> 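Sharing a structure below in structure tokens format, with a few things to ask.
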Amino acid sequence: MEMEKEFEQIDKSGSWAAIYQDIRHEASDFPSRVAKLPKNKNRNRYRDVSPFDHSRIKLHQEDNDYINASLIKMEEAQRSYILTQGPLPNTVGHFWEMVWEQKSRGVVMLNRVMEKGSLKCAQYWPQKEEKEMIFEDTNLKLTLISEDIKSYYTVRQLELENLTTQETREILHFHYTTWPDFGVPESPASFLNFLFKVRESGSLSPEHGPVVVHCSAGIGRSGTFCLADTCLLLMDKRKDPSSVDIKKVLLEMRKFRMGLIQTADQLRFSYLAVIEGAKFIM
Ligand SMILES: CC1(C)CC(=O)c2ccc(O)cc2O1
């Protein structure tokens with residue numbers, strides 16, 4: 001079926017939970033043996049969210065190459081994304097090592113450091129120009145260059161230096177600050193505006209490594225971001241935009257990381273975002 005009318009048909013019939021459970025039943029199951037080794041327990045935020053072995057990002061280290069991060073490679077859309085968990089106190093240095101080694105230009109952050117009164121990720125970037133951060137385990141230095149605070153999101157310019165080689169690179173930090181503590185946003189308008197700002201920066205384009213996107217577990221809000229982007233890109237590329245099947249795209253992405261889209265409300269919100277976004281593109 002088309003998307004907008006399939007949408008109203010699920011709303012009128014109140015069957016979002018049943019649609020979402022079908023997705024969960026059909027989703028791929030692949031081994032995640034490296035993630036479950038005992039030496040990696042403090043590298044994982046949640047025991048039930050692990051990268052598949054076949055698609056995990058490897059750190060360029062011989063001691064321990066493990067990080068909770070996955071490469072989602074979308075072949076028809078010609079887009080790649082790295083989805084990861086919010087960094088932990090003992091993985092902030094691994095996170096920036098990955099950004100460096102994969103040649104990423106942008107980092108997309110969809111959560112706040114504290115939500116619901118609990119810490120959802122580490123404070124992994126510097127908050128003042130004159131107070132830079134050094135990560136001694138991976139030999140990197142990170143400096144805040146500039147910051148632009150808007151009503152729904154903040155963009156930061158950062159400098160990452162590889163202290164071994166003295167090479168430097170500019171990283172863009174795109175921080176969506178207004179996702180509600182419970183539920184999903186009422187309108188997709190500010191999320192779409194944010195996605196378009198990431199696009200305009202060059203961070204999603206083939207001349208750079210894959211963008212790094214995260215929330216707390218790296219599957220819920222993060223899945224919404226890449227699902228919406230890929231679906232809109234396919235509607236631009238194909239002769240028949242109504243052929244784009246958002247459930248089939250989600251199942252393709254779930255071949256690369258488990259659990260993408262965590263609730264039936266997130267699924268409905270993804271439909272809403274693609275529907276509204278397709279009208280603005282034209
Ligand atoms: C963060 C800053 C002040 C400087 C910068 O490089 C930049 C890049 C992208 C953007 O959307 C806004 C920006 O303003």
Side-chain angles (χ1 to χ4, degrees), residues 44-46 49-52 55-57 67-74 77-88 91-92 94-113 115 120-122 124-125 152-156 158 160 171-179 184-185 188 190-206 208-233 249-250 252-262 266-267 269-270 273-274 277:
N44 292 310
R45 184 175 286 283
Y46 304 104
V49 180
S50 303
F52 297 139
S55 53
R56 71 183 183 94
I57 301 294
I67 181 168
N68 194 316
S70 312
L71 182 65
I72 300 4
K73 190 171 184 195
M74 302 304 288
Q78 286 293 289
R79 279 268 224 259
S80 294
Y81 320 82
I82 291 167
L83 268 65
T84 192
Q85 70 187 14
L88 290 154
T91 66
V92 173
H94 306 148
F95 178 92
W96 285 114
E97 175 185 5
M98 176 174 68
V99 169
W100 184 267
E101 286 166 357
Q102 303 300 314
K103 303 179 157 55
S104 309
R105 180 84 191 292
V107 174
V108 173
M109 173 170 184
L110 305 169
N111 66 289
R112 294 167 299 282
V113 166
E115 299 180 2
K120 298 294 168 194
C121 92
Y124 66 85
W125 73 96
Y152 290 91
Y153 69 97
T154 296
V155 189
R156 308 184 176 90
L158 307 172
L160 187 62
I171 309 298
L172 304 180
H173 195 241
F174 285 93
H175 186 181
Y176 190 82
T177 52
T178 52
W179 195 293
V184 304
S190 56
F191 193 69
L192 287 165
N193 187 60
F194 176 75
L195 167 63
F196 298 157
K197 297 294 186 186
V198 179
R199 278 184 176 195
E200 289 176 5
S201 79
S203 292
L204 291 164
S205 299
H208 302 292
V211 68
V212 173
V213 355
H214 80 88
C215 47
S216 191
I219 60 175
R221 299 171 200 177
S222 294
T224 299
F225 183 88
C226 60
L227 181 60
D229 183 52
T230 285
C231 281
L232 291 167
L233 211 51
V249 178
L250 179 52
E252 179 68 23
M253 292 183 161
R254 277 192 180 217
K255 296 176 182 174
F256 300 94
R257 186 168 176 83
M258 62 171 69
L260 304 179
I261 311 298
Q262 282 178 294
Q266 281 177 3
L267 186 64
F269 179 76
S270 299
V274 174

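Index from 1, following the sequence. Basis for what follows: all heavy atoms, side chains included, without hydrogens, waters or symmetry-related copies.
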> Which value, rounded to the nearest 0.5 Å, describes the distance between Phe52 atom CZ and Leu71 atom CG?
13.5 Å

> Is there a donor-acceptor contact under 3.5 Å from the side chain of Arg105 to the main chain of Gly202?
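Between the backbone of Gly202 and the side chain of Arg105 there is no qualifying donor-acceptor contact (under 3.5 Å).
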
> Between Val198 and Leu204, is a side-chain contact (heavy atoms from CB on, under 4.5 Å) present by the stated rule, with each step listed?
CA-CA 7 Å; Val198 179; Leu204 291 164; 3.9 Å; yes

> Testing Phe194, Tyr124, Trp125, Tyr153 one by one against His175 for a ring-ring contact (aromatic ring centres under 6.0 Å, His included), which residue passes?
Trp125

> Any donor-acceptor pair under 3.5 Å linking the side chain of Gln85 with the backbone of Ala217?
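No.
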
> Whether the side chain of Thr91 engages the backbone of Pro87 through a donor-acceptor N/O pair (distance < 3.5 Å, no angle test) should be reported.
no

> Using distance alone, with no hydrogens and no angle criterion, decide if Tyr176 and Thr154 have a side-chain donor and acceptor under 3.5 Å apart.
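Side-chain D/A pair, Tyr176 to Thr154: absent.
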
> Please find the pair of heavy atoms, one from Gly106 and one from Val211, that lie closest to each other, and give the distance.
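Between these two residues, the closest heavy atoms are O-CG2, 3.6 Å.
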
> Might you work through the side-chain contact (heavy atoms from CB on, under 4.5 Å) test for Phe225 and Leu110, ending with a clear yes or no?
CA-CA 9 Å; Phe225 183 88; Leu110 305 169; 4.0 Å; yes

> Taking all atoms of both residues into account, what is the closest heavy-atom pair of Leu192 and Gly277, and its distance?
CD1-N, 3.8 Å

> Begin from the C-alpha positions of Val184 and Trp179 and carry the test side-chain contact (heavy atoms from CB on, under 4.5 Å) through to its verdict.
CA-CA 7 Å; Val184 304; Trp179 195 293; 4.1 Å; yes

> Listing request: all salt bridge (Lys or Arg N to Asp or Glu O under 4.0 Å) pairs with a residue in residues 222-233, at least two apart in sequence or in separate chains.
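Listed by first then second residue: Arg79-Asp229, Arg199-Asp229.
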
> Between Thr84 (side chain only) and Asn68 (backbone N and O only), is there a donor and an acceptor less than 3.5 Å apart?
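A pair under 3.5 Å: yes.
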
> Would you confirm whether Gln102, through its side chain, and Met98, through its main-chain N or O, come within 3.5 Å as a donor-acceptor pair?
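No; zero donor-acceptor contacts below 3.5 Å.
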
> Going by the side-chain contact (heavy atoms from CB on, under 4.5 Å) test, name the single residue among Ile171, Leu158, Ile82 that passes it with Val99.
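By the side-chain contact (heavy atoms from CB on, under 4.5 Å) criterion, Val99 pairs with just one of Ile171, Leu158, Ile82: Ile171.
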
> With no hydrogens and no angle check, is any side-chain donor or acceptor of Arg257 less than 3.5 Å from a backbone partner on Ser50?
no

> Before giving the answer on side-chain contact (heavy atoms from CB on, under 4.5 Å), spell out for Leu195 and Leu232 the whole-Å C-alpha distance, their side-chain angles and the decisive distance to 0.1 Å.
CA-CA 11 Å; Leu195 167 63; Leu232 291 167; 4.2 Å; yes

> Which heavy atom of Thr230 sits nearest a heavy atom of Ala77, and at what distance?
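Smallest heavy-atom distance, with atoms named: CG2-CB, 4.0 Å.
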
> In terms of heavy-atom contacts, does OH of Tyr152 have more than 12 from other residues, nucleotides or ligands at under 6.0 Å?
no

> If I compare all heavy atoms of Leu260 with all of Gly218, which pair ends up nearest, and what's the gap?
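Minimum heavy-atom contact is CD2-O, 4.3 Å.
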
> Under a 3.5 Å threshold, yes or no: a donor from one side chain and an acceptor from the other, between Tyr46 and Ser216?
yes

> If you look at every heavy atom in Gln266 and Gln262, which pair is closest and at what distance?
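In terms of heavy atoms, the two residues are closest at OE1-N, 2.8 Å.
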
> Counting C-beta onward and ignoring hydrogens, is there a side-chain heavy-atom pair between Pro188 and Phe269 closer than 4.5 Å?
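In short, these two side chains touch, coming nearer than 4.5 Å.
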
> Distance-only, no hydrogens or angles: does the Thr224 side chain make a donor-acceptor pair with backbone N or O of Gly220 under 3.5 Å?
yes

> Taking all non-hydrogen atoms of both residues, which atom of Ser201 and which atom of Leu172 are closest, and how far apart?
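In this case the closest contact between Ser201 and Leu172 is CB-CD1, 3.7 Å.
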
> Report yes if the side chains of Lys120 and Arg112 come closer than 4.5 Å at any heavy-atom pair, otherwise no.
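SC-SC contact between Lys120 and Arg112 ruled out.
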
> Please answer whether the main-chain N or O of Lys73 pairs with a side-chain N or O of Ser80 as donor and acceptor at a distance below 3.5 Å.
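Not a single qualifying donor-acceptor pair exists.
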
> Indicate yes or no for a side-chain donor-acceptor contact from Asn44 to the backbone of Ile67 under 3.5 Å, with no hydrogens or angles considered.
no

> Closer than 4.0 angstrom, basic N to acidic O: yes or no for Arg221 and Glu115?
yes

